[PDB]
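These are the residues of each chain, in order.
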Protein chains: 4
Amino acid sequence: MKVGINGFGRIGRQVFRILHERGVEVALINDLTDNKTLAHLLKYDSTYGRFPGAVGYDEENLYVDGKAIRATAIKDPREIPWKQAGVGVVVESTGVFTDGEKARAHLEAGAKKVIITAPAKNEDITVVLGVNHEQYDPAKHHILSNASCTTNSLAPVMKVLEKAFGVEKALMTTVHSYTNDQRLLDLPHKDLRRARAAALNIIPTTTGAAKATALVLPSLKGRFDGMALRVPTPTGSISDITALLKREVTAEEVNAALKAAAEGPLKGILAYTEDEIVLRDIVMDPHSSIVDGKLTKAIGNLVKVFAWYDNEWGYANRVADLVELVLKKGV
Amino acid sequence: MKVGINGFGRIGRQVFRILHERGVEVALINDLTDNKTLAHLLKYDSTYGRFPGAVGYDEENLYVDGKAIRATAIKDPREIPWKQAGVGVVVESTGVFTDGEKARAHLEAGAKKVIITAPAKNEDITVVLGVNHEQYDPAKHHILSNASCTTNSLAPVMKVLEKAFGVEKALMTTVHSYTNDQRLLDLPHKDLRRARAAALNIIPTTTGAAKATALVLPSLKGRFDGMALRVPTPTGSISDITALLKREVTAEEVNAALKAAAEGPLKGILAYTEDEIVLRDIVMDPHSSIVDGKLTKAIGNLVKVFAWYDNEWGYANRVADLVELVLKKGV
Amino acid sequence: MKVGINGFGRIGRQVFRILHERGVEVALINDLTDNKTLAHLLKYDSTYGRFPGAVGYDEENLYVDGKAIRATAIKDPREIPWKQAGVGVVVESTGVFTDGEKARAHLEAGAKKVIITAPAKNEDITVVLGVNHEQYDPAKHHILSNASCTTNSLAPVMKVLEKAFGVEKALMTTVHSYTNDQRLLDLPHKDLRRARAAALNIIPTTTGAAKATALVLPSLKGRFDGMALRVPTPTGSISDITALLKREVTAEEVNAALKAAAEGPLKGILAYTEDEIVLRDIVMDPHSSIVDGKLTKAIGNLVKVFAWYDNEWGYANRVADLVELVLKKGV
Amino acid sequence: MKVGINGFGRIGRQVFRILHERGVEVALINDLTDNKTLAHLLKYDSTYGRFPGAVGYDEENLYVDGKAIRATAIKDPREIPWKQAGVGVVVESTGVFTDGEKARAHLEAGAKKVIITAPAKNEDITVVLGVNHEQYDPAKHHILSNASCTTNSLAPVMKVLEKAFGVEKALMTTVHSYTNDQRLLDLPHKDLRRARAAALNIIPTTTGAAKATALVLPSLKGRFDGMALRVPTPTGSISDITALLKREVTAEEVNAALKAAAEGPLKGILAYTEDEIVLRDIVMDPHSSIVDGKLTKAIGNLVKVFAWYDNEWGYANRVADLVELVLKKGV
Ligand SMILES: NC(=O)c1ccc[n+]([C@@H]2O[C@H](COP(=O)([O-])OP(=O)(O)OC[C@H]3O[C@@H](n4cnc5c(N)ncnc54)[C@H](O)[C@@H]3O)[C@@H](O)[C@H]2O)c1
Ligand SMILES: NC(=O)c1ccc[n+]([C@@H]2O[C@H](COP(=O)([O-])OP(=O)(O)OC[C@H]3O[C@@H](n4cnc5c(N)ncnc54)[C@H](O)[C@@H]3O)[C@@H](O)[C@H]2O)c1
Ligand SMILES: NC(=O)c1ccc[n+]([C@@H]2O[C@H](COP(=O)([O-])OP(=O)(O)OC[C@H]3O[C@@H](n4cnc5c(N)ncnc54)[C@H](O)[C@@H]3O)[C@@H](O)[C@H]2O)c1
Ligand SMILES: NC(=O)c1ccc[n+]([C@@H]2O[C@H](COP(=O)([O-])OP(=O)(O)OC[C@H]3O[C@@H](n4cnc5c(N)ncnc54)[C@H](O)[C@@H]3O)[C@@H](O)[C@H]2O)c1
């Protein structure tokens, strides 16, 4: 019962480091490049620095302080040796198999459990650690999704605002660091905005993060939606939640409430703070959501809350977190 | 009856170019640097390119295609020769005399009318062209304020949402390009966030833009507030308006309504569009507010509207616009 | 005898606009995206602004102020209808057919002349307008290359330093804006440096620009090489030329010499200036090389010269310039 | 015999952290802001992260894990209580007292030794650890300078190229991250280039780093000069050294030579590497100079060498390093 990663990219590599630093052992790693490039990308990372440990590689492996790890370049899921490596849980992070209909291929090649690191489709269950994980059935579920980084920042907040003040309606905006899914200079893209130079523009882009948060929380079904603004930053994001509660409240109420959750039930997932912070202050923070108290606004029953989150490292800690759970309640 | 500029900086220089390209003649220009540096900053601009025309200078002047303009380096308002230059209307844009209590000094030195390009204090009237300009009394008013770039983007929108759907409550967020008021690297500032590296961070900062918009529109008094997020872009900004109307509406209603205003009463100030645009698409757009139709969201009576605006050039067109009005109804 | 473009990207689109604004008519445009995306990329450009004119499109065309232009999505050269469109000269700018061995396919499908906008291989002649264009034989040549933007900035300089002071040896460095060939965040690349986040790093990368300049100028064969440093800027570049002359000279000599060429023989290609400029000052400058006089250094016979150049617009003016020549001396 | 810092800015704060993590105790810290802002800038740093330890403050002090440190806001050197605090060695890093003629004021107020963290004037001795530190006379010297970050990167290299191949002439170029000395948007500056938007432009600026390196190494007197190019990066820089040796050599010779020095005599100051690195890979590297082997070029006796260096952290390690030496051989 070992882990495997398909899509050793931005998310893959972060999840790997976390799993490493936790003890979990990754048996195989598949991507589309030669193990040389994989070793160099793991070793030197532009956002989180050098890999804590020794990195080596040959035609068929990668070595992490000696321990070998199979590294393949198979672009067809069904053709990945998850079998002859004993890989049970797979972290599908290529961003191209976001639907069980296709990601099932990992099972019909060995794997016993598959975690899609992105908003999936036709999966067994989309889970947001801290919102609906206890709702995982090892018998029934086998193809999971860890939702999206935005969903993971919204959910812990919408949950607390529900079991305290109740939520009628909510619109949200997220100012998000760019990702490899955008373009460096104007170039073809299916989204005519993500096609524009990413480090030059503030780019408006759709996000199902909100509606998706309406599934892990049926409470907000059809009554929660949002927008996204890609901005010139390599990592780090903030969610702008504007929700109409079910009773007039004050910004100070809202906070002590989210603060409560932070230091109690949602501990480790949600965090609360009143410090004068900026983006670079939350980069590499494990949490899913970090509430900026001082920004909390409240005009009667119409509240506005802000939640910082590192769309890369934080999300990756949840993905690795999910692999632990799946392994603890394996099949 | 000629114009004068105090604070030949980012805003000053843009207002100058506009006034030039319109025919208006600036008699004197005061700042804190030698006329050499002034000539070089006007000539070569990093955002709007080279100055359309010939730029020269000597110990006492600047020359724009020959025509001389007095250029002084007097840091004390009362000591600026607005008198011996016949300067009637002054554009106070140093960002340091934002209150008539101090900006009055321009009058007790010559000037007959003073326009503060920023949220003023103790001024005669803060005006937002297209919202409450017809309310200018040349007899009573003499020290005006053109509000702020954010106010000028919000007002034209809040106005339309009032005379159509009525507004109960509204919270707004603005993702704003950085300004010379922030820091390049971490450095001392009265705001512990604007103190952080501006091209590196997404920086949360307070904005009275909303409450200020509650003055040009008493309708929203005490029921409109917002936040600001400084992001790594040199110019261009977007306002995120989340307002609770007085009746359930649809995003398509909201648009055709703002669109109406755009092509009618608020023409020239407000613009509406459905094109797939990004930040660099609105840089140097004269308008005060440009509605991004496609981003318009509506869950019943809770709406979310986005308005692009070039906090520099657009605002500067309003400032120059205000100088025309003041000159047309001079004293 | 009409023009055609294959690879309607960064360079393609700029060459198109130039050809348009010059009168030249492009008959067909091939790329890998739907004509919708092509129309949107031409219309709104993040660096050079909106396209001067009306842009429309349908399943089979693009319309520029009415005039229709065939727009296909054929990824196989031999399969492009250069025939049934009467396209004589083709601008191969996809960056994937940089060798006549493959780019010849444009001929065996219609075209009578092919211009490769990049360092080619197996081409008939690599030309650098102003250095060796008069050496074009319409009878023999049919597959040309316009070299590279770096080559086009170096050549006009190395030429002048040869026919004046003679050149023994020269090493050069270019600080170049990033290009679509690099990555937004760490990601797989054949060059383990261009694989790193482009807007975050200063990235060292090999450049054959120098050795290539040794072909258009056999004088420097085996005695000229250089390096390239990709830096966080979307467009604009500077070449750092360090050459050991054949006689001790002074910085003032070097300048008046390059200045001479600028205002004389190399006019229109090379420019000379002593103004205090920065990058944003040369963006969209047609020239191939713009000498920054004030930076000129000289310790005896070891000189250092700097040349600004807009790797996009300037190069594109040379590409369009080359299409004129090819058309003037067509086949 | 305790240390003191005047100018708790970018350099000051880094030197403080290093001195802290080394055990050295700073007695007093003077700047121009309230101890609140000082505590917040030390605590949260945009480039090097959170301060390793607890940070507190009151009207008269700062607390580092309890231990109190006097924090004043005296803009006049002679008026700093270096006396009633027993501060012997002062780190003058305000960037405004770069000449003993003025920095002497620290002595006539208490201090027994003053280190100017920048190219000084009228100082007793400018030292570059690893080049000419053993040449420090505690009896004669009392006002030192640690040179500049560029000087500290060049010197260790020029030294090795002298005691191996000899150096006839050398021109150098440095691509340097911006600093608080530049501007965020176009704004008045004595240097008409550093006046332009720093995160938007590649900015050419003079540097005495080379001539300065000609003092710590009289060998290159009048035969070494260079240029500087400020680029859009918050920290990290690379030096481009083009030197004409006294004998034809090969790039492989040059390297093994610099490599030798790196692992031997210049260990800890100079480093050598052949790894495929980019800027973000050297941020926070203690070294003064890190040679990028792979970039080494050599055409006979004309060589080109590149040296990475973190103009902030590395230089700060040298400054702290110098305070140790001064304390070990105190007065
Ligand atoms: N970037 C974020 O902050 C973030 C947050 C949450 C979820 N996600 C999701 O995680 C996924 C990966 O995101 P990323 O940021 O790492 O992007 P990425 O570009 O770094 O892609 C990951 C890796 O997948 C590899 N890949 C592509 N096709 C493949 C195939 N057929 N087989 C094997 N490997 C393949 C790519 O070469 C790349 O190295 C996406 O679906 C994304 O939406 C990203
Ligand atoms: N930046 C924007 O987008 C924007 C939009 C709306 C309003 N404003 C307001 O306009 C004002 C100026 O803004 P800016 O962006 O041009 O900033 P800026 O830094 O460019 O300042 C303008 C100029 O004022 C000069 N100055 C300072 N003190 C002076 C004095 N005592 N006498 C004469 N000149 C003096 C400065 O040297 C500078 O050149 C501010 O109050 C600002 O809040 C700015
Ligand atoms: N960027 C510069 O400054 C510059 C300067 C000089 C020369 N060049 C060269 O010009 C070429 C294009 O450069 P670019 O900057 O426009 O990059 P780009 O990414 O914008 O590529 C140009 C276009 O080619 C298209 N394309 C790719 N494969 C294709 C195919 N098989 N058929 C049709 N279209 C295809 C791409 O989709 C893209 O839209 C490269 O070879 C480059 O090295 C670039
Ligand atoms: N930035 C670098 O990489 C670097 C490298 C080597 C040397 N240096 C030199 O170190 C010095 C400081 O550089 P920096 O990058 O920290 O810049 P900085 O802007 O951060 O300035 C340092 C601090 O000095 C303070 N200061 C200014 N005048 C003062 C006064 N009269 N009394 C007390 N404090 C005062 C400023 O408020 C600031 O907080 C400069 O001379 C610089 O040239 C900088």
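Residues numbered from 1 in each chain as written, not as in the entry; some residues may be left out. Chains lettered and ligands numbered in written order. Heavy atoms only, no water.

Per the deposition metadata, X-ray crystallography was the technique used to determine this entry, at a resolution of 2.60 Å.

Examining the overall build of chain A
Scanning chain A from terminus to terminus reveals seven helices and 19 strands. Expressed along its principal axes, the backbone C-alpha trace of chain A runs to roughly 65 × 45 × 35 Å. Of all 331 residues assigned to chain A, the portion counted as buried reaches 64%. By sequence separation, contacts in chain A at least 24 residues apart represent 69% of the contacts at least 6 residues apart. For chain A, the exposed surface amounts to about 11400 Å²; the carbon and sulfur share of it is 49%. (Helix = DSSP H or I, 4+ residues; strand = E, 2+ residues; numbered from the N terminus. Buried < 20%, exposed > 50% of the residue type's maximum accessible area, 1.4 Å probe, protein only. Contact = heavy atoms within 4.5 Å. Areas by Shrake-Rupley, 256 points an atom, 1.4 Å probe, with all protein chains shown as cover.)

Comments concerning the interface of chain B and chain D
Counting residues at the interface gives 32 residues for chain B and 32 residues for chain D. Considering only the surface of chain B that becomes buried against chain D, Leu184, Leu185 and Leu192 of chain B emerge as the three largest contributors, covering 25% of it. Here chain B and chain D share zero salt bridges between them. One can count 16 residue pairs in polar contact joining chain B with chain D. Contributing elements (two or more residues each) for the side of chain B that touches chain D: α1 (10–22), α2 (35–43) and β3 (44–45) of chain B. The element best represented in the side of chain B that touches chain D is α2 of chain B, accounting for four residues. (Buried area = accessible area lost by both parts, 1.4 Å probe. Salt bridge = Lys/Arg side-chain N within 4 Å of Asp/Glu carboxyl O. Polar contact = N/O pair within 3.5 Å; in protein donor to acceptor, adjacent residues only side chain to side chain.)

A closer look at the interface of chain A and chain B
With 46 residues of chain A at the interface, the matching set in chain B holds 46 residues. When chain A packs against chain B, the two sides together hide about 4000 Å² of surface, and 69% of this comes from carbon and sulfur. Three residues, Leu171, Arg193 and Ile202 of chain A, lead the burial of chain A against chain B; their summed loss comes to 17% of the area buried on that side. Our count for the chain A to chain B interface comes out at six salt bridges. Between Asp281 of chain B and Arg196 of chain A there is a salt bridge, and its shortest N-O distance comes to 2.8 Å. At the junction of chain A and chain B, the tally comes to 18 residue pairs in polar contact. Listing elements by their share of the side of chain A that touches chain B, those giving two or more residues are β12 (167–177), β13 (203–206), β14 (224–231), β15 (237–245), β18 (297–299) and β19 (302–309) of chain A. When its residues are assigned to classes, the side of chain A that touches chain B shows 25 nonpolar, seven polar and 14 charged. (Nonpolar A, V, L, I, M, F, W, Y, C, P; charged D, E, K, R; others polar.)

Side note on the relation of the copies chain B and chain D
Of the transformation superimposing chain B on chain D, the axial component is 0.0 Å and the angular component is 180°, with the fit at an RMSD of 0.0 Å. Such values leave the two copies arranged in the relation of a two-fold axis. When each C-alpha of chain B is compared by its distance to the rotation axis, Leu184 of chain B comes out closest, at 2.8 Å. Looking at the interface residues of chain B, 100% of them are also at the interface in chain D, so both copies use one shared face. (Least-squares fit on C-alpha atoms.)

So, the site of ligand 1
Ligand 1 sits among 23 residues. The nearest are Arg10, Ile11, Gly95, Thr117 and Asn311 of chain A. More than one chain reaches ligand 1: its neighbouring residues belong to chains A and C. Contact between ligand 1 and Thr117 of chain A: an oxygen atom at 3.0 Å from a main-chain N or O atom of the residue. When its residues are assigned to classes, the shell around ligand 1 shows eight nonpolar, 11 polar and four charged. Lining the shell around ligand 1 are residues from two domains, each supplying at least three of them: domain 1 (1–147 + 312–331) and domain 2 (148–311) of chain A. (Near = heavy atom within 4 Å. Domains from an automatic or database assignment.)

Structural notes on the relation of the copies chain A and chain B
The transform that puts chain A on chain B rotates by 180° and translates by 0.0 Å along the axis, for an RMSD of 0.0 Å. Comparing interface residues between copies, 100% of those in chain A also sit at the interface in chain B, which points to an isologous, same-surface contact.

Some details on helix α1 (residues 10–22) of chain D
Residues spaced three or four apart along an α-helix face the same direction, because each turn holds 3.6 residues. All names here are of chain D. Taking 1.5 Å per residue as the helical rise, α1 with its 13 residues ought to reach 18 Å, and the 19 Å between its terminal C-alpha atoms agrees with that figure. Among the 13 residues that make up α1, 10 are buried, leaving the element largely enclosed by the rest of the structure. All buried positions along α1 are accounted for by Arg10, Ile11, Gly12, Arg13, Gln14, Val15, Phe16, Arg17, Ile18 and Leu19. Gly23 sits one or two residues past α1 and shows a positive phi near 110°. (Expected span 1.5 Å × (residues − 1).)

Quick look at the sheet that holds strand β10 (residues 125–126) of chain B
All names here are of chain B. Read across the open sheet, the nine strands follow the order β5-β6-β7-β2-β1-β8-β9-β11-β10; overall the sheet is mixed. Strands with a single pairing partner mark the edges of an open sheet, and in this sheet they are β5 (55–57) and β10. One ladder, built from four bridges, connects strand β8 (residues 87–92) with strand β9 (residues 113–116); its direction is parallel. In the sheet register, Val89 faces β9, and the bridge partner there is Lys113. On top of the sheet, helix α7 (residues 313–328) reaches β1 (2–6), β8, β9 and β11 (143–145); it is set at about 165° to β9, its chief contact. (Pairing = 2+ DSSP bridges. Axes fitted to C-alpha atoms, helices over the stretch in contact; angles between N-to-C directions.)

Examining the site of ligand 4
Contacts to ligand 4 come from 23 residues, most closely from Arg10, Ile11, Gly95, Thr117 and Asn311 of chain D. Positioned at a junction of chains, ligand 4 has nearby residues supplied by chains B and D. Between ligand 4 and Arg10 of chain D there is a distance of 2.9 Å, counted from an oxygen atom to a backbone nitrogen or oxygen. The backbone of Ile11 of chain D places a nitrogen or oxygen atom 2.8 Å from an oxygen atom of ligand 4. When the free accessible area of ligand 4 is taken as 830 Å², the share hidden by the protein chains comes to 82%. Across the shell around ligand 4, the residue classes break down as eight nonpolar, 11 polar and four charged. Structurally, the shell around ligand 4 is a two-domain feature, drawing no fewer than three residues from each of domain 1 (1–147 + 312–331) and domain 2 (148–311) of chain D.

Thoughts on the packing of helix α4 (residues 151–162) of chain D against helix α6 (residues 251–263) of chain D
All names here are of chain D. Running from amino to carboxyl end, α4 crosses α6 at an angle of 115°, the nearest separation of the two axes being 10 Å. Seen along the crossing, α4 lies across α6 with a hand that is right-handed. In contact with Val157, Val160 and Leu161 of α4, α6 contributes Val254, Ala257, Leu258 and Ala261. Its residues assigned to classes, the contact of α4 with α6 shows seven nonpolar, no polar and no charged. (Left-handed = near helix turned anticlockwise from the far one by under 90°.)

Quick word on the pattern of salt bridges
For the structure on display, the rule yields 64 salt bridges over all chains. Here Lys43 of chain B makes a salt bridge to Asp275 of chain C, at a shortest N to O gap of 3.7 Å. Of the two residues, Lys43 of chain B sits in helix α2 while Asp275 of chain C sits in the loop between β16 (270–273) and β17 (289–292), which places them in two different chains. Looking at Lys43 of chain B, the relative accessible area reads 18%, which means it is buried. Taking relative accessible area as the criterion, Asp275 of chain C reaches 30% and is therefore assigned partly exposed. A salt bridge links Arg104 of chain C to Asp124 of chain C, with the nearest nitrogen and oxygen atoms 2.8 Å apart.

Details of the side chain of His176 of chain C
Residues and elements named next belong to chain C. Secondary-structure assignment places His176 in strand β12 (residues 167–177). Side chain to side chain, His176 and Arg230 meet in a polar contact 3.5 Å long. Residue contacts for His176: discarding those within four places in its chain leaves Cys149, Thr150, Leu229, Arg230, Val231, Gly236, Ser237, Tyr309 and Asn311.

Remarks on the packing of aromatic side chains
Across all of its chains, the model carries 12 aromatic pairs over all chains by this definition. Ring centres of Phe16 of chain C and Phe51 of chain C lie 5.9 Å apart, and the angle between their planes is 25°; on these two criteria the pair is classed as stacked. On the criterion of sequence distance, the pair formed by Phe16 of chain C in helix α1 (residues 10–22) and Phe51 of chain C in the loop between β4 (49–50) and β5 (55–57) is long-range, its members being 35 residues apart. No difference in accessibility class separates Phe16 of chain C from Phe51 of chain C, as the two residues are buried. A network of ring pairs unites the aromatic residues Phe8, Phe16 and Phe51 of chain A as a single cluster. Across from the ring centre of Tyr44 of chain C, 5.8 Å away, lies the NZ or CZ of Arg50 of chain C, which sits over that ring. (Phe/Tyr/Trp six-rings, centres within 6.5 Å; stacked < 30°, edge-to-face > 60°. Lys NZ or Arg CZ within 6 Å of the ring centre and 35° of its normal.)

Examining the nonpolar core
Residue and element names in this part refer to chain C. Ranked by internal contacts, the top residues of the largest apolar core, which has 40 residues, are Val3, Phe16, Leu19, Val26, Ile29, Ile115 and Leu322. Mapped by element, the contributors of at least two residues to this core are β1 (2–6), α1, β2 (26–30), α2 (35–43), β6 (61–64), β7 (67–72), β8 (87–92) and α7 (313–328). Looking at this core, the element that brings in the most residues is α7, giving nine residues. Taken together, domain 1 (1–147 + 312–331) and domain 2 (148–311) each give at least three residues to this core, which thus spans both. Filtering out sequence-adjacent residues up to four positions away, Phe16 remains in contact with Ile5, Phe8, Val26, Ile29, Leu42, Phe51, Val64 and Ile69. (Core = buried A, V, L, I, M, F, W, Y, C linked by side-chain atoms within 4.5 Å.)

Notes on unusual backbone geometry
In the Ramachandran plot, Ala147 of chain A falls in the positive-phi region, its phi being about 65° despite a non-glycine side chain. By the element assignment, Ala147 of chain A lies in the loop between β11 (143–145) and α4 (151–162). Given the relative accessible area of 3%, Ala147 of chain A is considered buried. Even without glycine at this site, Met284 of chain C takes up a positive phi of about 70°. By the element assignment, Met284 of chain C lies in the loop between β16 and β17. Given a relative accessible area of 33%, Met284 of chain C falls into the partly exposed group.

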